[PDB]
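# Examination of the molecular architecture
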Amino acid sequence: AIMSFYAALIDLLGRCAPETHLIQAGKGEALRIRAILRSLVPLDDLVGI
Amino acid sequence: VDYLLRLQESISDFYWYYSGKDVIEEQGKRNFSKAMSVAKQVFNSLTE
Amino acid sequence: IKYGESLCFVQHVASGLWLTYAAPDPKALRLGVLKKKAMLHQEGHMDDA
Amino acid sequence: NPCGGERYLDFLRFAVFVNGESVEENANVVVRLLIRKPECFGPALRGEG
Amino acid sequence: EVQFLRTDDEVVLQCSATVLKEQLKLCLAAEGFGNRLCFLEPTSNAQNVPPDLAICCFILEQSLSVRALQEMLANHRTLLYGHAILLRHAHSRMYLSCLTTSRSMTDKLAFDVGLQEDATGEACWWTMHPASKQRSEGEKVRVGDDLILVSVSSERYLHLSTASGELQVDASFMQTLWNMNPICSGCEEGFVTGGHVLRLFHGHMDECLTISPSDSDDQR
């Protein structure tokens with residue numbers, strides 16, 4: 001149950017992540033959202049999992 | 001007065017959102033017209 | 001003094017303390033209850049009226 | 001309650017992503033609400049401990 | 001009439017913390033040159049030990065709406081709840097901002113709060129929201145109102161952390177109530193006011209009050 005909860009949370013955040021075309025356009029909101037997501041989830045944690 | 005203030009804040013935000021664009025789109029014009037009609041009625045009520 | 005319109009601060013005459021709400025206890029979020037114990041404090045808060 | 005958390009995370013993912021593409025309007029709102037309520041992230045992601 | 005905060009005024013950001021059952025008032029301070037990071041200067045014991053207010057003073061450079069700020073980035077008004085504000089350190093002329101780095105061991109999600117050289121970017125701007133429901137969004141900010149500051153860029157509250165033994169200031173998801181106490185609003189020209197640096201001249205004799213030169217025997 002714990003693993004499923006965390007997997008579902010990370011999946012939801014990944015889906016909330018902005019699209020590449022918006023990122024390339026450089027929208028402030030999209031960049032801010034991606035920054036928030038990256039702060040929430042470290043890369044090292046994903047690699048370890 | 002409180003409702004009029006809320007409406008004014010909304011209209012200011014909407015103007016800011018179109019401030020960049022050169023020409024206002026038709027849907028934006030329609031929404032402005034709705035807001036302006038409501039604001040006209042509120043001003044008439046306060047006058048009365 | 002007027003009903004509703006006037007805002008009043010309650011003071012204990014002898015001590016001089018001001019009627020005010022106590023800072024909500026920890027875990028009060030779990031309590032999910034807005035109830036806030038009232039207390040007499042020398043300083044008070046801005047919204048004590 | 002990881003099970004309830006998993007269920008609610010699942011409704012949220014369906015709103016955030018449609019047809020293989022993220023919906024920015026819902027994604028931003030969901031992310032903002034999640035950050036405003038940190039407990040949703042679960043005990044582990046919680047910053048203090 | 002209740003005084004209203006207006007741009008170009010000088011303010012200090014105060015937070016109260018309970019230590020040993022005693023309230024202690026702290027002001028957000030930053031040195032500027034040589035140290036961007038902000039710290040907290042205690043002002044409760046001012047009667048015994050004067051605080052260092054020079055680094056605590058800030059200036060309300062600008063007060064925009066959120067959407068107006070968005071347009072400005074794309075390219076003496078009263079402060080209203082829900083408006084972004086820009087704060088310039090009086091001494092260093094650097095703008096208070098939310099830094100990307102973080103030193104907080106207690107809170108991984110938190111970010112450091114410090115001074116920034118340039119006003120460009122979302123980091124410099126902070127959004128002010130009412131501390132209690134009796135205050136309502138869109139209302140004027142009355143002097144001495146508790147308020148919550150949320151970074152525009154990070155969506156994080158300006159937060160007081162007590163997890164470490166020493167008190168620290170950082171941007172996090174836990175919110176702290178702040179008070180904006182005004183230092184000055186507008187000075188009538190040619191009049192002395194508190195907090196100015198000046199020379200005390202002996203009459204007009206071109207002699208000034210001073211201390212001995214550096215490395216003097218009297219230890220200055």
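Deposited coordinates in this entry are attributed by the record to cryo-EM, at a stated resolution of 3.09 Å.

On to the packing of aromatic side chains, then. Between two aromatic rings, the relevant description is the distance of the centres plus the angle of the planes. This model, assessed by the stated rule, comprises 7 aromatic pairs over all chains. Between the aromatic rings of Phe 5 of chain A and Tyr 6 of chain A, the centroid separation amounts to 5.5 Å while the plane-to-plane angle is 80°, which identifies the pairing as edge-to-face. With centroids separated by 5.2 Å and ring planes inclined at 50°, the aromatic side chains of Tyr 17 of chain B and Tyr 18 of chain B adopt a geometry described as tilted. Aromatic ring contacts, followed pair by pair, group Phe 14, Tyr 17, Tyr 18 and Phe 32 of chain B into a single cluster. The positively charged end of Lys 36 of chain C is found above the aromatic ring belonging to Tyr 21 of chain C, 5.1 Å away from the centroid. We note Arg 156 of chain E situated over the ring of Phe 111 of chain E; from NZ or CZ to the ring centre the distance is 4.3 Å.

Counting from both sides, the interface comprises 26 residues of chain D and, opposite them, 21 residues of chain A. Roughly 2100 Å² of surface becomes buried between chain D and chain A when both sides are summed, with 73% attributable to carbon and sulfur atoms. As a salt-bridge pair, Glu 29 of chain A and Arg 32 of chain D come within 3.2 Å of each other at their nearest N and O atoms. At the boundary of chain D with chain A, the tally comes to 5 residue pairs in polar contact. Counted by class, the side of chain D that touches chain A contains 16 nonpolar, 4 polar and 6 charged residues.

Let us look at the layout of surface pockets. Estimated volume of the second largest pocket: approximately 1400 Å³. In this structure, the second largest pocket is lined by 46 residues; those nearest its centre are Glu 29 of chain A together with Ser 65, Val 66, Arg 67 and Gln 70 of chain E. Only helix 3 (28-40) of chain A, helix 1 (2-19) of chain B, helix 2 (24-36) of chain D together with helix 1 (66-74), strand 8 (125-130) and strand 9 (146-151) of chain E provide two or more residues apiece to the lining of the second largest pocket. Here the residues of the lining of the second largest pocket sort into 18 nonpolar, 14 polar and 14 charged.

With that settled, the discussion passes to helix 2 of chain D. Over its 13 residues, helix 2 of chain D extends 18 Å from the first C-alpha to the last, a length consistent with the 18 Å expected when each residue adds 1.5 Å. Buried residues of helix 2 of chain D: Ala 27, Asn 28, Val 30, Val 31, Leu 34 and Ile 35 of chain D, and no others. Viewed end-on, helix 2 of chain D has its buried residues packed into an arc of 165°, placing them on one side of the element. Turned more than 90 degrees from where helix 2 of chain D packs its buried face, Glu 25 and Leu 33 of chain D sit exposed. Against the buried residues of helix 2 of chain D lie helix 1 (2-16) and helix 3 of chain A together with helix 1 (2-16) and strand 2 (21-22) of chain D.

Rules used throughout
Residues numbered from 1 in each chain as written, not as in the entry; some residues may be left out. Chains lettered and ligands numbered in written order. Part of a larger assembly, values for the part shown. Heavy atoms only, no water. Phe/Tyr/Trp six-rings, centres within 6.5 Å; stacked < 30°, edge-to-face > 60°. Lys NZ or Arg CZ within 6 Å of the ring centre and 35° of its normal. Contact = heavy atoms within 4.5 Å. Buried area = accessible area lost by both parts, 1.4 Å probe. Salt bridge = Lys/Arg side-chain N within 4 Å of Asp/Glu carboxyl O. Polar contact = N/O pair within 3.5 Å; in protein donor to acceptor, adjacent residues only side chain to side chain. Nonpolar A, V, L, I, M, F, W, Y, C, P; charged D, E, K, R; others polar. 1 Å grid on protein atoms, 1.4 Å probe; cavity = no way out; pocket = protein on both sides within 12 Å on 5 of 7 lines; lining within 4 Å. Points joined across faces, edges and corners; volume = space filled by probe spheres on them. Helix = DSSP H or I, 4+ residues; strand = E, 2+ residues; numbered from the N terminus. Expected span 1.5 Å × (residues − 1). Buried < 20%, exposed > 50% of the residue type's maximum accessible area, 1.4 Å probe, protein only. Arc of directions from axis to C-beta.

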